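# Coordinate inspection notes
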Amino acid sequence: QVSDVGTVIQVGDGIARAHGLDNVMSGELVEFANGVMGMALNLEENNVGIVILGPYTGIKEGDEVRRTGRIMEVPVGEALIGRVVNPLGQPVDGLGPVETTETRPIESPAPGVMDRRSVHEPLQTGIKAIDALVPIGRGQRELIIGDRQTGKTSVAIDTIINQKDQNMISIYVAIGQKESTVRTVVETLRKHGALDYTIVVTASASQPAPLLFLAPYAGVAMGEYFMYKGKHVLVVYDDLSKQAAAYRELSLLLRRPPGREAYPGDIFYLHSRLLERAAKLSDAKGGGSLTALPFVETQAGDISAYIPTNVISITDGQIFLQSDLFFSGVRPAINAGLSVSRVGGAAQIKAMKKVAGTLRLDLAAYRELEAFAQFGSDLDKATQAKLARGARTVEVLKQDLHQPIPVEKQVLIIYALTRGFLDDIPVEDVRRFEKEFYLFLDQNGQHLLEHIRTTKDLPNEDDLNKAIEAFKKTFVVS
Amino acid sequence: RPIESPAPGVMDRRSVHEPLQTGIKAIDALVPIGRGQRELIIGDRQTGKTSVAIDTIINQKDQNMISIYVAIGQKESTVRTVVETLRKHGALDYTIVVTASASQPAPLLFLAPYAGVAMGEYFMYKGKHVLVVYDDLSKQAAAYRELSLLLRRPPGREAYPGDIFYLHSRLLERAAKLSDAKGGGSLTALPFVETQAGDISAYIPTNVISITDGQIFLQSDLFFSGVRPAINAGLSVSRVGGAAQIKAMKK
Amino acid sequence: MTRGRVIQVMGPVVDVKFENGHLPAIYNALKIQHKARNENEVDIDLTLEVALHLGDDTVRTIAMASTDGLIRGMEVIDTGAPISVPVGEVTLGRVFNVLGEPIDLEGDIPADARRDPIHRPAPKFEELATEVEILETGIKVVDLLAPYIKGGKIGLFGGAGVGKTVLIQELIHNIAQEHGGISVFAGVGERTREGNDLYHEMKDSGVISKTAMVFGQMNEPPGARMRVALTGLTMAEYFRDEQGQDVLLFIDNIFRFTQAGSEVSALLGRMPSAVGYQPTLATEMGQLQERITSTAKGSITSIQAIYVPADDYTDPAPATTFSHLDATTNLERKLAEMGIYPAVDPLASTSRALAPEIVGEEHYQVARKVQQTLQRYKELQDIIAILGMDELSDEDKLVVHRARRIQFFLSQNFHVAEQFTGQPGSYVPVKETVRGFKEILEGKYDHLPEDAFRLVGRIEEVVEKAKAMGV
Amino acid sequence: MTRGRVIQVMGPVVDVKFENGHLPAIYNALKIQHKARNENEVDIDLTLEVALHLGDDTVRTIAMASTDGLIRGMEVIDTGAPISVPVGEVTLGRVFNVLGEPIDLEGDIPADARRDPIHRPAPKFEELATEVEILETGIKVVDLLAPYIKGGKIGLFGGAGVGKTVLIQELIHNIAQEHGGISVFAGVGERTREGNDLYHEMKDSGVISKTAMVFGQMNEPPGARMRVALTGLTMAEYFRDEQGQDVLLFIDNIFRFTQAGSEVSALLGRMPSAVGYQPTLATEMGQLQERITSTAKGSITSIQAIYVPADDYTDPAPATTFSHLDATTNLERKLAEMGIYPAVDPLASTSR
Ligand SMILES: O=P([O-])([O-])O
């Protein structure tokens, strides 16, 4: 019988060849006698190429392969929230099976030109520097790029944690990471209570390249189900370089001619097909949204490399982190020169727009004046005043991990900094001053906070200044 | 005896503690060489590398040594002149010469060093001390590459086969200092490597450096100035050095 | 019979075997229409294009869409003609896909509409025209150092994240609103958000009443990405061939065409080229480029954007397209990082219209002097970086002093950037910018700070900016 | 059946043909024993490892020793399992090769001892510890400036004449005295005289009584040189799996592993990679680095030395190795000359 049964001819390096399967179709799923799943790529005249999605040590020549009748699919449902699964959708945490009643294909067309809408809603990350200089809107694609030892995972963890009080669903995808690190991340997420609205998809570094290759697609397929029902979803990719390397290895194993840096010509399409699925739907389609935050790793801080340029030429912006600044104890070591947001700005609330310009100008002036600080400070007092303001702004912009700050408190503290109330305060006491100011605002600035939350606009400057001075009266200069 | 034999075991060796005298002040003072140690000499074309080997062969007249000279890819007239000057200095009482000119087929060039080490091992295992000098290894590597390419084997970096490192290590791992139970014999080797335009980043030089215990550099500019030998002390190193010197020289 | 069967499926490539003596010709179109027989099949509707003849009544084709669900042994129908796209007055104000099917949700096109084949030979030698005249854009750098030509070819070279979209939008805003002709836009291999924004902007401005658009954007397969440009060109040619009206054309990114060709050529059985490209890179691009020309019946002006991979100007794809253009502008990341916009390289850009008998003696002299001063300033960087400005002579100090002012004055502010900065922007005439540059070269404004020359527009605003600053 | 005979011999690559329906699985071990029948034959004792299934009842293998003297038609038998290495208390204070046979002149291990396979999947997600704890070493500089993490990987940078062996011996002694654990040393492709000197330095210091040693010589085939780390790791895993105690593991050099893998890939004939390496470099490194973890009843930590060829830190092999490290220690010849021991640089060393 050749209709739905076949036999294996060659096995090696995770690639197998079978004889038979006359009625099989391209992209279908197949199952071996050992229980391992496979995918059919090439339909030749006498044989079919099969990619093994698992351990290939148990497959020998002469085994039996049978059809399944379904295109590559993953199980999707509401019960998947709070679980840890592999790219195939099987539970890994060991808390029992997962029951679902719907499935979605891995490959699906993107929304058309007429089905989209302009981004007009903000997304709060809880980080002062990002929320002030590089705003991010719902439906935007933003790239985070930097070298190793820059703490890129901490930003993702904080922005996932900060979404507790807002109607958002988060999905975390780990590609080529360490299982101990994934376990610690899951443990701290559970400790902070973020497991109620998050899904974790993992793919260890010891897994085969085909398994390393489908995790982002599985994540997008899982997210589209919530996206198309009128909700808002957030998706984070841990690293695309690992996926690119896995695809390069698979293509080399298939004996295809390589191009620049031994990469195939399909590498740009591979990322474009994935990143093109994030969009903001129009009102006629329910008004859903989906946003992605891909990560890219560079070598020696070189931004003009092949993969970084390919990723940059797709997204709507980038954020650059500097290891030299990170070594000085600053956690958000954001470079203000190479980081630009295009879609953003139109999504910011009215409070931040009135205050961001002067902060940006002061930061730029301080950064450009830093080049002459070796023998400076002896010039005019007008130039000398820039150094103190820049140092105070730099001290203000610092933050502690796992401690998001509300947007109203950020607006108030940045307004206080920009209005010059901190010119008579020593540099070393800024953090304690801002902590005590937050406590005082919580104790007494309740009406101002409520007005800000309700109107998205600044309160009256007279009352704001009198409250600031009243707090400043009781502060100890130390 | 066959040309392919296993190397001595890890438990049949003894630490090097006996010096070898070459008669060159710079080598004897800065980069000492001990019996049982094998060391690399690297340099350009016009550096006079053959003179060092000739002098160190001549200097062993009254030290109870046996010397073997292997010529790979050299000119027959040069080999004839070397033999004539060795006869004039009386070094043929304890030396053996193996030759393979450039007009000979590739397999002889590929097989000469194994014949040399096979000849040396017989005297090594009887409790004596032997010195073996290889004229060139790059030419042997090129001949092996030519043979492998003609035999239609998959190529690697710079069209070399996948086992050139194995080929070199198998030959270079047969020099050792035996223990008291085995007889106490010893064998030392002085392979040569020739570079183009003074680079040391090439595949074969890197492979040889990763195996040897040190190297001696010869400077083309210093040779052009007129210094003989043109030994560069800034890059030469001897890992075994210090333990292979007399007390007076050490002080 | 004129029906075949599917033999092999290899992704975007499908093999079809026909009956002997009835093989279809090259560049024909084939149709596949199948309905599921049971629960283990999916409905399929797909089209193919003939590429090669393999012998033994076998044909090698290329698919125009996703090939998932195909089964060996399916039936294939031959149409006997290449892809046909409707053309005429109907196409104005509509949006079309690769196959000419509207996607604007405004209805269907009647089946009696006239349509034309896509593939056609190039115009002959004796039908060409070589008249040269200057087209004004309103940008200082372009108007001074590399004037555009009405009826020629203009190309823009730039890397990733350098500011090409802003420049092309500014050009569209400045030129398209007063052309008084017919405009055609192609969106080959670019973002969908940009296309949606452009469509909404055209709808708001009302210019959409005399334009047509074919997108075939980034997410589409290489089969469609290789044909969007040809569809746009065959739409554009009809107006100037049958009515003699002036046509203005845009191409979003021409590099993606060659990239898709290279992606497809691997599976066809051809040997790789030097950098993995297809062996037929030159002729494939030449066939398309030679089809866009101005004849005695009408004139066509086109603006094209070209992508530079990994900021390498020696790549074969950017290198082989330099011989087809008349005026070129180059963008540099080094200039972009310094805060200079639109960051056009003043020395690399060239144009065929920069002649004394075409522009003017004064303009030619001013441009030559500016280029000479810029080059001389460039020659001193090695000494300046190490030994500083102290060791220079009196002439070199003045040369640097004026070169910095010229370089800062070369910048400009655009209307599009108002929504991000609040500055209205400006429009600068050729005479005004020439007079300003001549006055700067004469040394009249040596006492002003250099920071007053940034994003200022006309020369007169420099003085008011300086006095506002406090000088 | 489990019997076949050779059809092709070329270098370290040997092809064996079996009967249909009885092909051995991948990574299995094969044995060849033969005695000369006439004066025109040579006795042969060799071992092979299965690598690929070429179809038509043919299997391509890689040799672990010299292949001289092989004759087409010589019979081959199948063991039915991968390489097995003895484990337990009998391995303390002994020296073994890649095949597990003792090298010391002190007899051989009895054939009834327990043996374990070399290849094994990584531990599952459920068995990993959920908390991070610090391993105490008793050295002030390490304990204050660069703390060690249980189950982590530490990279050591240094050179000859600084005290690397002394530091290793001190670490082994302190761990054995305080935590009651043991140590395993594995040398991948290093100098025989240096190995002998290190063995004697361990023997005359009294530390050898609580350690096991595995050696891979330079004159061995790349297939033999590629499995020394695996056999050392599978020796080490037994103590934490059964006894439940902390264990130290030492790797003399990690660059030799990658270069041997590249040579094996070139011999098999796969298409090269970016800088000429093997396509499977990342997964080959991961399959080895993922088995050194901390479980709910034990942990293994490793100290590794890196070469960083050509003084380039963007080289793909160092780039891939650096993605698994958790701490870094440096040795300073200036401090060694000044007289401060162990001459660990207090500013260059960093820890997560
Ligand atoms: O940034 P882009 O738009 O690509 O120039």
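Provided above is the structure to which this section pertains.
Here's what I pulled together on the structure shown here. (Residues numbered from 1 in each chain as written, not as in the entry; some residues may be left out. Chains lettered and ligands numbered in written order. Part of a larger assembly, values for the part shown. Heavy atoms only, no water.)

Right, let's get into the packing of aromatic side chains. Two aromatic rings, taken as a pair, are described by how far apart their centres are and by the angle between their planes. Inspection of every chain in the model, using the stated rule, returns 24 aromatic pairs over all chains. Pairing B:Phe110 with B:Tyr144 gives two aromatic rings, centres 5.3 Å apart and planes at 20°, and the pair type is stacked. One end of the pair, B:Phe110, is in helix α4 (residues 106-124); the other, B:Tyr144, is in helix α5 (residues 138-150), and 34 residues separate them in sequence. In terms of burial, B:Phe110 and B:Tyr144 fall into one category: buried. Ring centres of D:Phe255 and D:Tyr307 lie 6.0 Å apart, and the angle between their planes is 40°; on these two criteria the pair is classed as tilted. Taken together, the residues span a long stretch of sequence, with D:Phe255 in helix α6 (residues 255-268) and D:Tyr307 in the loop between β17 (298-305) and α8 (316-321) at a distance of 52 residues. Look at D:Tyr307 and you get exposed, because its relative accessible area is 53%. Ring-pair connections join several aromatic residues into one group, and the members of that group are A:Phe433, A:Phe437, A:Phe440, A:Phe471 and A:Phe475. Between A:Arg273 and the ring centre of A:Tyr269, over which it is positioned, the NZ or CZ distance is 4.9 Å. Lying across the ring of A:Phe326, A:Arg331 places its NZ or CZ 4.8 Å from the centre. (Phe/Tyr/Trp six-rings, centres within 6.5 Å; stacked < 30°, edge-to-face > 60°. Helix = DSSP H or I, 4+ residues; strand = E, 2+ residues; numbered from the N terminus. Buried < 20%, exposed > 50% of the residue type's maximum accessible area, 1.4 Å probe, protein only. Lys NZ or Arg CZ within 6 Å of the ring centre and 35° of its normal.)

Before going further, it helps to spend a moment on helix α6 (residues 164-172) of chain B. By the criterion of burial, α6(B) is predominantly enclosed, with nine of the nine residues buried. Every buried residue of α6(B) is listed here: B:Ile164, B:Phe165, B:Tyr166, B:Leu167, B:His168, B:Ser169, B:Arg170, B:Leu171 and B:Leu172. Where α6(B) is buried, its residues contact α4, α5, β7 (186-194) and α7 (203-209) of chain B together with α4 (222-225) and α6 of chain D. (Contact = heavy atoms within 4.5 Å.)

Turning our eyes to something else, we now look at the arrangement of the chains. The pair of protein chains exhibiting the most contacts, out of three pairs of chains in contact, is chains A and C. Of all C-alpha pairs spanning chain A and chain B, none lies closer than 15 Å, and the two are not in contact. Separating chain B from chain C is a minimum C-alpha gap of 18 Å, and the two share no contact.

Quick look at the interface of chain D and chain B now. Listed by partner, the interface residues are 22 residues for chain D and 21 residues for chain B. Together chain D and chain B conceal approximately 2100 Å² of surface at their shared face, both sides included; 57% is due to carbon and sulfur atoms. Linking chain D to chain B there are three salt bridges. Here B:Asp213 ties to D:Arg191 by a salt bridge, and the two come within 3.1 Å at their closest N and O atoms. (Buried area = accessible area lost by both parts, 1.4 Å probe. Salt bridge = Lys/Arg side-chain N within 4 Å of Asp/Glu carboxyl O.)

As a measure of interface size, the accessible area lost when the parts come together is often cited. In this complex, chain A contributes 42 residues to the contact, which on the side of chain C involves 42 residues. At the boundary of chain A with chain C, total buried surface from both sides reaches about 3800 Å², with 55% on carbon and sulfur atoms. Its largest share of buried area at the contact with chain C, chain A owes to A:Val113, A:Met114 and A:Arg260, together 17% of the area lost on that side. Counting across the interface, chain A meets chain C through three salt bridges. Across the pair A:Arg260 and C:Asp312 runs a salt bridge, and its minimum N-O distance is 3.6 Å. Taken together, the links from chain A to chain C amount to 11 residue pairs in polar contact. (Polar contact = N/O pair within 3.5 Å; in protein donor to acceptor, adjacent residues only side chain to side chain.)

Everything listed here is a matter of coordinates, which is why it stays silent on function.
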